[PDB]
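A.B. asks: Curious how this folds, go ahead:
(5 chains)
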Amino acid sequence: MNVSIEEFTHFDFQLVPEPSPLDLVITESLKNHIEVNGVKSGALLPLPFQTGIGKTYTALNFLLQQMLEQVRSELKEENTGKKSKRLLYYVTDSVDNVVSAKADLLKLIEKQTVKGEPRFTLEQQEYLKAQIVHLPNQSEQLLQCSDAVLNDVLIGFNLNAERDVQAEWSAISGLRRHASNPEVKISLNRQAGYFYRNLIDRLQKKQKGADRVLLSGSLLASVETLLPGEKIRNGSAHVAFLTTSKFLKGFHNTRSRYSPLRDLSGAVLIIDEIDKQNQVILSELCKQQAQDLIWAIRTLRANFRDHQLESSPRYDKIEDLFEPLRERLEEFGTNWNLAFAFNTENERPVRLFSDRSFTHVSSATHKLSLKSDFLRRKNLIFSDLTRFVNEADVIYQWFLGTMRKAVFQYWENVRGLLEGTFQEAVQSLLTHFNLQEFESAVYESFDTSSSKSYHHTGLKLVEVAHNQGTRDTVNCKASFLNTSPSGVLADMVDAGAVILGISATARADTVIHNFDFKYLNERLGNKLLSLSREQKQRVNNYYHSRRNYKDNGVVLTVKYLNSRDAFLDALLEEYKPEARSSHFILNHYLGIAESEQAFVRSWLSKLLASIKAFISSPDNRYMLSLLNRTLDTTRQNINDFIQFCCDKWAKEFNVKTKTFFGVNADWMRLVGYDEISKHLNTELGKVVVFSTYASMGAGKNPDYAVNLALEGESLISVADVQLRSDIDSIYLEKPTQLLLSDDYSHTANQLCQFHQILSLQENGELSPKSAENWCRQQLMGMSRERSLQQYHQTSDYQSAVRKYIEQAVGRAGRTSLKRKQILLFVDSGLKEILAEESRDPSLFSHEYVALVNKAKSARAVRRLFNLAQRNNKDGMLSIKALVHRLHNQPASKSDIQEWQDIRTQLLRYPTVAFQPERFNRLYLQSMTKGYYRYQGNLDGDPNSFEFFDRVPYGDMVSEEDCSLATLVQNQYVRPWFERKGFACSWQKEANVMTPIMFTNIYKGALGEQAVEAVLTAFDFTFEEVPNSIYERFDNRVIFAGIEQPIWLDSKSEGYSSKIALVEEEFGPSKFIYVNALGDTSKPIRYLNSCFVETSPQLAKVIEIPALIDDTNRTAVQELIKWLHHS
Amino acid sequence: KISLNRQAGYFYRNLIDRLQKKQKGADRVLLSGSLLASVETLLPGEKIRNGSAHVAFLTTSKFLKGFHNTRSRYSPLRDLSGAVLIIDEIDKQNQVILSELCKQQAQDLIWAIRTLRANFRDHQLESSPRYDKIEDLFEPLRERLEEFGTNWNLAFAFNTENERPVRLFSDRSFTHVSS
Amino acid sequence: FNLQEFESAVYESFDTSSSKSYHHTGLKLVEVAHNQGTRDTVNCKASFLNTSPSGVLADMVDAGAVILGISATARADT
DNA sequence: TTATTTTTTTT
DNA sequence: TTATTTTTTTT
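C.D. replies: Residues are numbered from 1 along each chain as shown, chains lettered A, B, ... in the order given. Structure data below:
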């Protein structure tokens, strides 16, 4: 039925079910959020609920409350008209869970009862179910649509008429009937996808124009079944279930591909298994295709010489946007001789990598130069460029940006006469400029100091390789990340989304396998919500109520298994008593090369020892083995030997054993997930399952139906709440390949690798030195095992390993019926890693706590030291670039202002209690408040600096080493500072300014402020040094209306060269060199240009040793006179 | 069958692409014995190219499009010297050849000339003895493009001033017609 | 020359008084129409026949082929 | 030295 | 006025 909202007119929105503790926790925290800025404000709420406490039930119940609240609102806001819908999403990585969760929500709508009566009437239940929509990938979306619906759509849009549609749809309409063959399914899926693209292309093509069919009734219902997004666009539906990858790619409606990230204002957005989404988003970012810069710039240069836009009022204003760009291209092409193609002079690849600050690296060891050989009309790359690449860039991006500005400019112009103008704008502009090749990149451009952080500046990777089929021309295929998955998540919050991250490990302290919650905490501030200690305690109590292991007498046994070589040798030679030796058997019968045999032994002995202990246990029947690797037919020899050992212990212990080799995910989906449960329901023998961590993260509730006739002796209810039971013994092989890697292409894999390296550097997990070596060796083709070397030395590796162990034993813990005794066999390598666990254990699973407590029964400092070097390195290379750009005569306004801003910040806030957002890495965090020690060469290598403890003797940055407290005692400077608000004394805070800032900027600026302070009261008037000589000197000065130019530098032939440079463009001038603080008794010196002493009438230059001892009023007076002698 | 046919065609293209790619370069597998027989069953043109077979049965449309061997798409029209060539139902082939000729795709001349004009201003070939003589072939063309672009103001795009199509037709002599 | 767009046309160029006849001079047809999604720019999409099927057949003979045209109406006067 | 199995969507 | 059903191969 087309049920109207009026069915809820008598519904009592106050009649909520009794809330479980988790619902209270969620409601409380969102209430707190609303208080702290929260109305019309985003949030992010990581929820580390353990699996089996009722995570999904809680989240779906929450989502249901949001639906009821929306309906309640719409019954009353009709006084305000129909507002924009408040969309609700549920996203997760895996399709199997999106569909499962949707079905659970519908089931909940069916059977939710309050005071023992069903909460919703049938028209109500149809109403709510109408609001929910589900958005699969295109191909499956097509295959869901019945033939009648799709034929109705084809008729309604008259697309029934044209041949290609009919042939294609006929073929697809056929294959459905024999899709029972999976092979048919594969072909059908691919073909259906292409059809869905073409079809929806034609629908929305007609819909944009006047050819649009007015949708209503049966045709509307047919389309809304074909295009579920149409229900959202027209407001029929407002709850959407979709995977993360669909969510990132957006989904079609009848007009255009609506993309949810662009429109999050007020959206509520439940993300299940939130930490897994870091990888999924990353896998989306790394798919970005490279653009050949050589081709791009030469094309732009060529086409922007003559090509003109028409002058008509249709787009009068646009062409002026391009004059700067056009001029830049001519300058650029003349500089680099873009007429000539490019070549190297060839077996090694040439690659460049850079984040966009301080971590620049190149493959070739020496400097890469690029010189035009006019005798060969070709630009050659030598080894003795990076500047050329950086400029071929920025011009390219500027082109895309100017394209954006011009397109919505054209939108303004035609609005003077709705998205339908977008495509005609882009094509009109590219056609006039004849730049039609770029149309793909132009479209993708729309979709793809200050707080500095990697997570929103990303990285840049450039590869130079010969074009296909040539030996004389190379391209520059630049690849980019503008952001990192944590940057995307923070942007989603800043656009106002409310995100709930339900995941048992949502706050794992890793930055590879989770978002960077240090960054998110910093950027979001108090929008990153968190569970108060009260709430965590309450959730812990509830968890104990649901899974009270202790009071019902469940015993958790943990043993750590070493390699036991003699044990393996005995069993192996029993498997082959006729053979020579055990290692012979590994080589001969098992196929293990002796290069691998030591490793395979250390592995297999632990596995077999765990198995034997399982078989000996009386009560246990269900052991799950989690290996890194799949024991399948490609390791069938090992399977046979393991089967032999199982048989031996089966006979010896007089218990039957069933072995499931090869339990990988496709086996689970296609063949045999259930009969492990069946075998538990029907037989007395024990079951051993061999599987992997990967094949269980994506996998069902690994449980079985209790057959009390077989197992009722060993099972207990552990809950105080169909009888089901779960895994009773687990073997946990140490997780191995923990670095992420992308299979999409070699380019995307490289982006994944560099993202991981830079993210580890971002946290201070790696010092900048280690991060550069790792980045470099990635350019030079690091082997995957040496990348794993580099990663294993971090502590982030420890946290990622503990994440997998915590998730593994959580997944096995769902049911509330347990054995008396649970056996946990852990690889001995995990003993130390688990021993290091130190987080608050209040939300852990009971199994994990057992693992930790058994292991223990036998780094912020490091992090802080590395971040000190990173902040110092970033300050030092950024100041070098900035100062060089000031000498890049003339200085831009922005550089000038940023220089004064840095100086003002350092003067006002030499220390701060919290690292400020806007100047986050002028400062470094000290282990000692107010001052710290460092050692390093400020002209030297930034990677070599060492700090607080590791340099007990070295330089010190402190209030005392800048003589500030001496300085402010002067009766002239102190009013000046206190008017300016500069800190006359350093607050003893943790965050202190970095050494490069201290030596280069702060002392210099402090001296300049002091000299201006004293001299101003003697009528010296100071003005900003003109932009044609900026910071070549400190201040241009006017005393008492004396007309000749005056110049200050504050603390000989080169300095004479600056002097001559000044007097070339302001004529004869007076130069004053003064140290603000020092010994005022020393003599004033009157100097020539070459700093040689001469008469005051000849002295263009004066050197003053000290103004402050006490004011050196004397030196002021002879300075006044020395000007008088002009 | 319909889906299988289309899919098999695309696979055959990609596959033979990779075979003859390797065969052109030093990566070429030396064909002999069972591998040769297997390829010659996959690529029947290989029997002709290496002289195993010399009688070919094929439709006119295949004959016009040529057929692959292990190295390149041999096209029979280019190599007819001494070929004997039985055509059955010869008069029907007029239509079939015509249907092949009419498939020729149009080239946008405005885009083509503006692209040529733009790129042939500065762009130079390298002077090395690898291809010493070539660049002199282009000086007349380059000069013509500059003359042409100046004559017709190719900087400016083109427009009419719109409901009727504008079409021109000409054989290349005396039967010129315009819409 | 940075003319990489033309690579398709360059490849197809290899494959595709005096005695005057249509059959080997062919025809030329040019259509001028607005580019997709614009109202201010037109293209000139030229189409060509260099020859006619009788011209192709005569070229095949001139390259030395020996052709047997078995057909019950091989010399229909059309 | 370290030692694998994995998802999703679109062209 | 004239008044339909058709093949083949490749991208």
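A.B. asks: Could you count how many residues lie near residue A:773?
C.D. replies: When neighbours are counted by other CB atoms under 10 Å in any protein chain shown, residue A:773 registers 16. C-beta: built from backbone N, CA, C; applies to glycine.
A.B. asks: what does residue A:709 give?
C.D. replies: Neighbour number of residue A:709 under other CB under 10 Å is 10.
A.B. asks: How about the residue nearest to the spatial centre of chain A, nearest residue that isn't a chain neighbour?
C.D. replies: Most central in chain A under CA atoms, centre = their mean is residue A:485, positioned 2.4 Å from the mean C-alpha point. Leaving out its chain neighbours, the residue that sits closest to residue A:485 by CB to CB, 6 or more residues apart in numbering or on different chains is residue A:281, at 3.9 Å.
A.B. asks: From residue A:131, how far out is that neighbour?
C.D. replies: Separation of residue A:281 from residue A:131 (CB to CB, to the nearest Å): 27 Å.
A.B. asks: who's more crowded, those two?
C.D. replies: Taking neighbours as other CB under 10 Å, residue A:281 and residue A:131 compare with residue A:281 leading, 22 against 19.
A.B. asks: Run through who's touching the helix or strand harbouring that one.
C.D. replies: Taking DSSP states H and E as the definition, residue A:281 sits inside helix A:276-285. Applying CB atoms under 8 Å, 6 or more residues apart in numbering or on different chains, the external contacts of helix A:276-285 come out as A:91, A:93, A:244-245, A:248-249, A:271, A:481, A:483-486, A:488-489, A:503, A:513-515, A:697, A:740, A:742, A:744, A:748, A:751-752, A:755.
A.B. asks: Check stretch A:168-186 too.
C.D. replies: Contacts for stretch A:168-186 (CB under 8 Å, 6+ apart): A:142-143, A:147, A:150, A:154, A:187-188, A:191-192, A:195, A:198, A:670, B:2-3.
A.B. asks: 6 Å - rerun?
C.D. replies: Residues from elsewhere that reach stretch A:168-186 (CB atoms under 6 Å, 6 or more residues apart in numbering or on different chains): A:147, A:188, A:192, A:195, B:2, B:3.
A.B. asks: which one of the residues you listed is nearest chain C?
C.D. replies: residue A:195 (22.4 Å; CB to the nearest CB).
A.B. asks: In contact with the closest one, which residues?
C.D. replies: Taking CB under 6 Å, 6+ apart, one finds A:168, A:172 in contact with residue A:195.
A.B. asks: What segments of the stretch 401-550 of chain A are strands?
C.D. replies: With DSSP state E, counting those that start in this stretch as the criterion, the stretch 401-550 of chain A has strands at A:459-466, A:474-481, A:498-502.
A.B. asks: ok now the shortest one, how far from the chain's centre?
C.D. replies: If I follow you right, that is strand A:498-502. 16 Å (CA atoms, centre = their mean, to the nearest Å).
A.B. asks: who are the neighbours of that strand, in terms of helices and strands?
C.D. replies: On a contact count with 3 or more CB pairs under 6 Å, 6 or more residues apart in numbering or on different chains; DSSP states H and E, strand A:498-502 meets strand A:43-47, strand A:268-272.
A.B. asks: if we go to 8 Å?
C.D. replies: helix A:21-33, strand A:43-47, helix A:55-76, strand A:268-272, helix A:485-494 (3 or more CB pairs under 8 Å, 6 or more residues apart in numbering or on different chains; DSSP states H and E).
A.B. asks: angle of that strand against helix A:55-76?
C.D. replies: 160 degrees (axes from the mean of the first three to the mean of the last three CA atoms, to 10 degrees).
A.B. asks: Which residues outside strand A:498-502 are in contact with it?
C.D. replies: A:26, A:30, A:33, A:42-47, A:49, A:55-56, A:58-59, A:62, A:267-275, A:489, A:492-493.
A.B. asks: do stretch A:562-577 as well
C.D. replies: With CB under 8 Å, 6+ apart, stretch A:562-577 has contacts from A:579, A:581-582, A:585-586, A:589, A:601-606, A:608-609, A:641, A:644-645, A:648, A:828.
A.B. asks: my guess is residue A:816 meets residue A:722, correct?
C.D. replies: No - if you go by CB atoms under 8 Å, residue A:816 and residue A:722 don't touch, sitting 11.5 Å apart.
A.B. asks: More neighbours: which of the two?
C.D. replies: Under the criterion of other CB under 10 Å, the comparison of residue A:816 against residue A:722 puts residue A:816 first, with 20 against 4.
A.B. asks: Over to residue A:240. Which of the three states is it?
C.D. replies: At residue A:240 the chain is in strand, as set by DSSP: H, G, I helix; E, B strand; the rest coil.
A.B. asks: for it, which residues make a bridge with it?
C.D. replies: residue A:89, residue A:133 (DSSP bridges).
A.B. asks: so which strand or helix has the residue nearest to residue A:554 when sequence neighbours are not counted?
C.D. replies: Excluding the flanking residues, the one nearest residue A:554 by CB to CB, 6+ apart is residue A:818, at 5.0 Å. Residue A:818 belongs to strand A:817-819 when assigned by DSSP H and E.
A.B. asks: Report the buried residues of that strand.
C.D. replies: Neighbour counts over strand A:817-819 (16 or more other CB atoms under 10 Å in any protein chain shown) mark A:817, A:818, A:819 as buried.
A.B. asks: doesn't residue A:723 make contact with the second one?
C.D. replies: No - applying CB under 8 Å as the test, residue A:818 and residue A:723 come out as separate, 11.9 Å apart.
A.B. asks: In chain A, which helix is the longest?
C.D. replies: helix A:386-415 (DSSP state H).
A.B. asks: and that one, which residues are buried?
C.D. replies: Buried-residue list, helix A:386-415, by 16+ other CB under 10 Å: A:388-393, A:395-396, A:399-400, A:402-403, A:406-407, A:409-410, A:413.
A.B. asks: cool, stretch A:50-67 as well?
C.D. replies: Quick answer for stretch A:50-67 (16+ other CB under 10 Å): A:50-56, A:58-67.
A.B. asks: Equivalent analysis for stretch A:465-472, please.
C.D. replies: So, applying 16+ other CB under 10 Å, buried residues of stretch A:465-472: A:467, A:472.
A.B. asks: same check, this time on stretch A:729-740
C.D. replies: A:729, A:730, A:731, A:732, A:733, A:734, A:735, A:738, A:739, A:740.
A.B. asks: Phi first, then psi, for the closest residue to the fourth one other than its chain neighbours.
C.D. replies: I take that to be residue A:732. With sequence-adjacent residues excluded and distances taken as CB to CB, 6+ apart, residue A:732 is closest to residue A:826, at 5.0 Å. Backbone torsions of residue A:826, given as degrees, to the nearest 10, read phi -120, psi 130.
A.B. asks: Which strand residues bridge residue A:826?
C.D. replies: residue A:560, residue A:732.
A.B. asks: coming back round to it: export the strands of the stretch 401-550 of chain A to CSV and tack on distance to DNA strand D?
C.D. replies: Shown next, in CSV, are those (distance: least, CB to the nearest atom of the strand, whole Å):
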stretch, distance to DNA strand D
strand A:459-466, 20
strand A:474-481, 17
strand A:498-502, 18
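A.B. asks: for residue A:640, what are its contacts?
C.D. replies: Going by CB under 8 Å, 6+ apart, the list of residues near residue A:640 is empty.
A.B. asks: I'd guess it is in a helix, am I close?
C.D. replies: Yes - counting by three-state DSSP, residue A:640 is found in a helix.
A.B. asks: Buried residues, whichever helix or strand residue A:599 is part of. List them.
C.D. replies: In this assignment (DSSP H and E), residue A:599 forms part of helix A:594-616. By neighbour count with 16+ other CB under 10 Å, helix A:594-616 contains the buried residues A:600-615.
A.B. asks: Are that helix and DNA strand D in contact anywhere?
C.D. replies: Yes - judged by CB under 7 Å from any atom of the strand, helix A:594-616 and DNA strand D are in contact via A:596, A:598, A:599.
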